[PDB]
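Text of the file work_35.pdb, holding PDB, C-alpha atoms:
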```pdb
ATOM      1  CA  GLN S 111      97.523 -48.319 -34.680  1.00  0.00           C
ATOM      2  CA  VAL S 112      97.546 -50.613 -37.717  1.00  0.00           C
ATOM      3  CA  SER S 113      99.628 -48.097 -39.667  1.00  0.00           C
ATOM      4  CA  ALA S 114     102.113 -47.880 -36.801  1.00  0.00           C
ATOM      5  CA  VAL S 115     102.531 -51.650 -36.683  1.00  0.00           C
ATOM      6  CA  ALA S 116     102.927 -51.791 -40.471  1.00  0.00           C
ATOM      7  CA  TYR S 117     105.658 -49.146 -40.423  1.00  0.00           C
ATOM      8  CA  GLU S 118     107.348 -50.869 -37.487  1.00  0.00           C
ATOM      9  CA  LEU S 119     107.407 -54.100 -39.495  1.00  0.00           C
ATOM     10  CA  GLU S 120     108.926 -52.311 -42.482  1.00  0.00           C
ATOM     11  CA  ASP S 121     111.534 -50.776 -40.161  1.00  0.00           C
ATOM     12  CA  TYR S 122     112.229 -54.231 -38.706  1.00  0.00           C
ATOM     13  CA  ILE S 123     112.923 -55.491 -42.228  1.00  0.00           C
ATOM     14  CA  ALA S 124     115.000 -52.411 -43.073  1.00  0.00           C
ATOM     15  CA  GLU S 125     117.126 -52.837 -39.946  1.00  0.00           C
ATOM     16  CA  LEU S 126     117.652 -56.475 -40.909  1.00  0.00           C
ATOM     17  CA  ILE S 127     118.751 -55.572 -44.439  1.00  0.00           C
ATOM     18  CA  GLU S 128     120.911 -52.603 -43.392  1.00  0.00           C
ATOM     19  CA  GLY S 129     122.466 -54.305 -40.363  1.00  0.00           C
ATOM     20  CA  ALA S 130     123.718 -57.338 -42.283  1.00  0.00           C
ATOM     21  CA  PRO S 131     127.445 -58.078 -41.947  1.00  0.00           C
ATOM     22  CA  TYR S 132     128.583 -56.435 -45.180  1.00  0.00           C
ATOM     23  CA  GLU S 133     132.351 -56.875 -45.294  1.00  0.00           C
ATOM     24  CA  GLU S 134     132.704 -54.000 -47.775  1.00  0.00           C
ATOM     25  CA  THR S 135     130.657 -51.220 -49.346  1.00  0.00           C
ATOM     26  CA  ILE S 136     130.696 -50.380 -53.047  1.00  0.00           C
ATOM     27  CA  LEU S 137     131.131 -46.640 -53.539  1.00  0.00           C
ATOM     28  CA  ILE S 138     128.884 -45.131 -56.205  1.00  0.00           C
ATOM     29  CA  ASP S 139     130.468 -42.268 -58.107  1.00  0.00           C
ATOM     30  CA  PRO S 140     127.594 -39.860 -58.878  1.00  0.00           C
ATOM     31  CA  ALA S 141     129.112 -38.799 -62.202  1.00  0.00           C
ATOM     32  CA  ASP S 142     129.541 -42.451 -63.272  1.00  0.00           C
ATOM     33  CA  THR S 143     127.012 -44.521 -61.348  1.00  0.00           C
ATOM     34  CA  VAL S 144     126.760 -47.639 -63.530  1.00  0.00           C
ATOM     35  CA  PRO S 145     130.219 -49.131 -62.779  1.00  0.00           C
ATOM     36  CA  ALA S 146     129.268 -49.421 -59.103  1.00  0.00           C
ATOM     37  CA  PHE S 147     126.272 -51.582 -60.003  1.00  0.00           C
ATOM     38  CA  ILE S 148     128.316 -53.641 -62.457  1.00  0.00           C
ATOM     39  CA  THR S 149     130.695 -54.171 -59.529  1.00  0.00           C
ATOM     40  CA  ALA S 150     127.760 -55.246 -57.358  1.00  0.00           C
ATOM     41  CA  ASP S 151     126.670 -57.777 -59.977  1.00  0.00           C
ATOM     42  CA  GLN S 152     130.284 -58.950 -60.234  1.00  0.00           C
ATOM     43  CA  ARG S 153     130.577 -59.463 -56.470  1.00  0.00           C
ATOM     44  CA  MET S 154     127.334 -61.438 -56.538  1.00  0.00           C
ATOM     45  CA  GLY S 155     128.686 -63.566 -59.378  1.00  0.00           C
ATOM     46  CA  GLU S 156     132.105 -64.450 -57.967  1.00  0.00           C
ATOM     47  CA  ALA S 157     130.289 -65.621 -54.841  1.00  0.00           C
ATOM     48  CA  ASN S 158     128.330 -68.013 -57.109  1.00  0.00           C
ATOM     49  CA  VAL S 159     125.024 -66.480 -56.033  1.00  0.00           C
ATOM     50  CA  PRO S 160     122.209 -67.534 -58.399  1.00  0.00           C
ATOM     51  CA  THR S 161     121.299 -64.861 -60.923  1.00  0.00           C
ATOM     52  CA  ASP S 162     117.526 -65.163 -60.518  1.00  0.00           C
ATOM     53  CA  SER S 163     115.446 -63.748 -57.668  1.00  0.00           C
ATOM     54  CA  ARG S 164     117.678 -60.746 -56.948  1.00  0.00           C
TER
ATOM     55  CA  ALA W   2      90.027  26.503-103.518  1.00  0.00           C
ATOM     56  CA  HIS W   3      87.406  23.780-103.170  1.00  0.00           C
ATOM     57  CA  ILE W   4      86.052  23.047 -99.691  1.00  0.00           C
ATOM     58  CA  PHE W   5      84.734  19.595 -98.796  1.00  0.00           C
ATOM     59  CA  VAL W   6      82.841  18.798 -95.601  1.00  0.00           C
ATOM     60  CA  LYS W   7      84.045  15.387 -94.449  1.00  0.00           C
ATOM     61  CA  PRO W   8      83.470  13.250 -91.347  1.00  0.00           C
ATOM     62  CA  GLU W   9      86.133  11.827 -89.062  1.00  0.00           C
ATOM     63  CA  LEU W  10      86.022   8.083 -89.625  1.00  0.00           C
ATOM     64  CA  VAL W  11      86.679   5.792 -86.658  1.00  0.00           C
ATOM     65  CA  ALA W  12      87.425   2.152 -87.400  1.00  0.00           C
ATOM     66  CA  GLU W  13      88.179  -0.930 -85.337  1.00  0.00           C
ATOM     67  CA  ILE W  14      90.580  -3.334 -87.034  1.00  0.00           C
ATOM     68  CA  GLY W  15      91.324  -5.814 -84.260  1.00  0.00           C
ATOM     69  CA  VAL W  16      94.234  -3.961 -82.660  1.00  0.00           C
ATOM     70  CA  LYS W  17      93.789  -4.485 -78.923  1.00  0.00           C
ATOM     71  CA  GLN W  18      95.898  -3.930 -75.839  1.00  0.00           C
ATOM     72  CA  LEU W  19      98.174  -6.931 -75.425  1.00  0.00           C
ATOM     73  CA  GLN W  20      97.255  -8.471 -72.109  1.00  0.00           C
ATOM     74  CA  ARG W  21      98.274 -11.556 -70.168  1.00  0.00           C
ATOM     75  CA  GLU W  22      96.686 -15.000 -70.434  1.00  0.00           C
ATOM     76  CA  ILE W  23      95.504 -16.463 -67.134  1.00  0.00           C
ATOM     77  CA  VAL W  24      96.595 -19.936 -65.965  1.00  0.00           C
ATOM     78  CA  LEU W  25      97.168 -19.778 -62.191  1.00  0.00           C
ATOM     79  CA  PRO W  26      93.554 -20.077 -60.890  1.00  0.00           C
ATOM     80  CA  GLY W  27      93.061 -23.484 -62.482  1.00  0.00           C
ATOM     81  CA  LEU W  28      96.083 -25.065 -60.809  1.00  0.00           C
ATOM     82  CA  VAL W  29      95.623 -24.084 -57.142  1.00  0.00           C
ATOM     83  CA  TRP W  30      93.380 -25.792 -54.593  1.00  0.00           C
ATOM     84  CA  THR W  31      90.332 -23.511 -54.515  1.00  0.00           C
ATOM     85  CA  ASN W  32      87.667 -23.649 -51.785  1.00  0.00           C
ATOM     86  CA  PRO W  33      88.261 -26.771 -49.724  1.00  0.00           C
ATOM     87  CA  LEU W  34      86.691 -24.575 -47.004  1.00  0.00           C
ATOM     88  CA  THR W  35      83.575 -22.442 -47.376  1.00  0.00           C
ATOM     89  CA  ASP W  36      81.993 -21.649 -43.990  1.00  0.00           C
ATOM     90  CA  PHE W  37      84.220 -18.724 -43.063  1.00  0.00           C
ATOM     91  CA  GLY W  38      81.126 -16.927 -41.899  1.00  0.00           C
ATOM     92  CA  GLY W  39      80.366 -18.744 -38.693  1.00  0.00           C
ATOM     93  CA  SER W  40      83.963 -19.134 -37.534  1.00  0.00           C
ATOM     94  CA  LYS W  41      85.747 -16.601 -35.349  1.00  0.00           C
ATOM     95  CA  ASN W  42      88.117 -14.197 -37.113  1.00  0.00           C
ATOM     96  CA  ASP W  43      86.922 -15.647 -40.443  1.00  0.00           C
ATOM     97  CA  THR W  44      89.314 -18.481 -39.602  1.00  0.00           C
ATOM     98  CA  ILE W  45      88.517 -22.151 -40.132  1.00  0.00           C
ATOM     99  CA  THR W  46      91.012 -24.419 -38.398  1.00  0.00           C
ATOM    100  CA  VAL W  47      91.993 -27.514 -40.363  1.00  0.00           C
ATOM    101  CA  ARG W  48      92.758 -30.599 -38.280  1.00  0.00           C
ATOM    102  CA  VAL W  49      95.717 -32.701 -39.420  1.00  0.00           C
ATOM    103  CA  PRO W  50      95.198 -36.211 -37.989  1.00  0.00           C
ATOM    104  CA  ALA W  51      97.559 -38.132 -35.719  1.00  0.00           C
ATOM    105  CA  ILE W  52     100.078 -40.900 -36.339  1.00  0.00           C
ATOM    106  CA  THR W  53     101.431 -43.281 -33.696  1.00  0.00           C
ATOM    107  CA  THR W  54     104.552 -45.387 -33.315  1.00  0.00           C
ATOM    108  CA  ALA W  55     104.734 -49.084 -32.495  1.00  0.00           C
TER
END
```

Could you write out this structure as structure tokens?
Amino acid sequence: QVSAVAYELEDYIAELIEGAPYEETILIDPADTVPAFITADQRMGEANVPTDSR
Amino acid sequence: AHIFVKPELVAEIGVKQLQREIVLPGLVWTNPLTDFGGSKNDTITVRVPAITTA
């Protein structure tokens, strides 16, 4: 019972994170994966999001 | 001509039959169950516990 509630809470959080209104999705190229994450950092930056606590 | 009575000498010089080295027994789960006598068909049934959903 406790395990079920714990997993339901983690799924609640995951639904929150996955269901957020993302206006666009960054496509990771499997052969060259790093540029996608540099793009993610860039999108965070141009939005003036603080660099700590990410 | 000359006749010499000689033995047939047998020697061991460390030439053996090349034969495999054993590694598999040490890596597999051996005897988590022992009481096969005393269970029908020599079969012990393992119970996998339950998980719920919240």

Practice item. Just need the residues of chain W within 9 Å of chain S, counting all atoms listed in the file, so spit them out as a PyMOL selection string. Key: chain W and resi 52-55

Revision key, fill the gap. Students should find that atom CA of residue S:133 and atom CA of residue S:159 are spaced 16.2 Å

Exercise for review: Could you pull out every residue with an atom within 8 Å of (89.8, -26.7, -42.0), file coordinates, counting only C-alpha atoms, and send them as a ChimeraX atom specification?
Suggested key: /W:33-34,45-48

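Going from atom CA of residue S:146 over to atom CA of residue S:125, you cover 22.9 Å.
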
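Atom CA of residue S:154 lies 12.9 Å from atom CA of residue S:135.
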
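If you measure from each of S:161, S:124, S:150, S:155 to residue S:136 using all atoms listed in the file, the closest one turns out to be S:150.
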
Edge lengths and centre in Å to one decimal, as lines of an AutoDock Vina configuration file, of the axis-aligned box that encloses all listed atoms of stretch 35-52 of chain W with 4 Å added on every side?
```
center_x = 90.2
center_y = -27.5
center_z = -41.4
size_x = 27.7
size_y = 34.7
size_z = 20.0
```
